[PDB]
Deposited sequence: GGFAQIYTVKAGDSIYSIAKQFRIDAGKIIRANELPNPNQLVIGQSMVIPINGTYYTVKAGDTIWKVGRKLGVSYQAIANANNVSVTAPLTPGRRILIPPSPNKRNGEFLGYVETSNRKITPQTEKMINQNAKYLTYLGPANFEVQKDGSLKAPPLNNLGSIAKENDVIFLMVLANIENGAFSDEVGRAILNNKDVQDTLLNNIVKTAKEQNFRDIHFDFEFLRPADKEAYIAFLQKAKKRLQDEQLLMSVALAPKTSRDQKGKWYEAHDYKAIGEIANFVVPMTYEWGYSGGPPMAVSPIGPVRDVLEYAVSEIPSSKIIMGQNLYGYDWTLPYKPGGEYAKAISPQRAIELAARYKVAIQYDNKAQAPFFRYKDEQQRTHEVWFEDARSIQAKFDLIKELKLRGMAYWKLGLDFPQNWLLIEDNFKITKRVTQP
């Protein structure tokens, strides 16, 4: 980190002892974190302390003009930020505020809104409109591409307006989905018929002009390995067409860790070739499987380090989940699907069923188990300020373009606080 103050609730904490510790009003902490449980804080719960800069814990020898030299910060800035004389004594063990470095790097952020087969609410849209402040791209999932080259459009609700008013590029998500699943057959029909491709591109361009979509996002998945080359040829064809219309082109990539990795899901995506053609790409670095972290940082790193070896890092937007899952144990394949939940809901569950939140250092993700009123054990994996910050650190380390979020509308206040703390948000309109 180094740009945001992240605090993990400890035994005995109250919202007021935390407020005192950081010399900030409890109201600001509660509002910024939309705390569902301000009088029932959970051990292991993480929150962002809403200020510009971060805190330094005073040590035995410390002074202010000193801390100015030991860091790279104006001493008057430190003094003013803490409301003290420059020659003011410093009590060890207490925190002093250090103003933020002037230099945040730029980042592009993408938000998917799932509207297919749904009627999203005014409340959800209000939330999306708030999120859009922090976004570079946003659009509805999905336009379903048909075998004849026509498009089945999703509900657009108010997303075009939300995008426009927040200087966000309206993004057209194209998917080979039939009956609620990715279809290799739909992929085959389009990628092996040039007439259908022309019809498809006409429909894409027509739709883009009608709604002012300005990025065309191809999310073709589970293609036949046999159609690998055909996909590249189609994307080359699409790229020429879209550039002529001043449209951006982006492509979703199945998460891979090597060039000759086999499997119906992965073979048909040539990272290097697609990376050359697309303006940017999105490796799907997030997850009816068993309990585990949704996007464990080890495997995520492996996929992204491979991506960078094939594709300029400045073209890579990493995928990220805004949800966690609640599994009912014992887990059994074929049985019930885990319940998707917001991180706020996860906190509420830990509070309700009186358990601490744990943190997996290996996965860099929070989790806990709890027992419900039928004495069934649940296991919950979700996201918090710590886990998102770890991903942002990875973006900076690997010099990536930014992050793509599945899916907007979910309640996760700390994500948005941390984007602004860590990045200058790119606006392209």
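Chemist: Can you list the gaps, numbered from 1 on the deposited sequence, where no C-alpha is modelled?
Modeler: Several stretches lack coordinates - namely 288 to 291, 434 to 436, in sequence order.
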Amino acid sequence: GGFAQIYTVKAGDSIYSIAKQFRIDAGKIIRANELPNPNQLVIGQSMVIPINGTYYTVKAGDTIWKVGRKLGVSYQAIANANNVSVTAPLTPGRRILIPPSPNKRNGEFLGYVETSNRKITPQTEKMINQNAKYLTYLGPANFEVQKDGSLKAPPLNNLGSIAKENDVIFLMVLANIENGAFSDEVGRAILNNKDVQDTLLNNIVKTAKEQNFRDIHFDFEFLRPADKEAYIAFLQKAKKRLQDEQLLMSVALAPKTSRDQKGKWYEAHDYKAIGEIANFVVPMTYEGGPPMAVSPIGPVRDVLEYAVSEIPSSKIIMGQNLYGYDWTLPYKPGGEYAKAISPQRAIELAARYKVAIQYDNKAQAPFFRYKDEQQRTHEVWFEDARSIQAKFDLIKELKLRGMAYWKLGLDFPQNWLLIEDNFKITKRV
From here on, numbers count along this sequence of modelled residues.
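Chemist: Which has higher Cα B-factors on average according to the PDB entry: 196 to 204 or 87 to 95?
Modeler: In the deposited entry, the stretch with the higher C-alpha B-factor mean is 87 to 95.
Chemist: Per the record, averaged over C-alpha atoms, which has the higher B-factor: 114 to 122 or 327 to 335?
Modeler: Result of the comparison: 327 to 335.
Chemist: Between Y306, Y359, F222, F280, which one tops the list for Cα B-factor in this entry?
Modeler: Of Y306, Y359, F222, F280, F222 has the highest C-alpha B-factor.
Chemist: Whose C-alpha has the highest temperature factor in the PDB entry: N157, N103, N176, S313?
Modeler: If I rank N157, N103, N176, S313 by C-alpha B-factor, first place goes to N103.
Chemist: Using only modelled residues of the chain, where does the Cα B factor of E229 rank: lowest third, middle third or highest third?
Modeler: Tercile = highest for this residue's CA B-factor.
Chemist: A346: which third of its chain by C-alpha temperature factor?
Modeler: Ranked within chain, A346 CA B lands in the lowest tercile.
Chemist: Which third of the chain does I6 land in by C-alpha B-factor: lowest, middle or highest?
Modeler: As the PDB entry reports it, the C-alpha B-factor of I6 lands in the lowest third of its chain.
Chemist: Could you tell me which third, lowest, middle or highest, the C-alpha B-factor of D372 occupies within its chain?
Modeler: According to the entry, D372 has a C-alpha B-factor in the chain's middle third.
Chemist: Going by the CA temperature factor in the PDB record, which third of the chain does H269 belong to: lowest, middle or highest?
Modeler: CA B-factor rank for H269: highest third.
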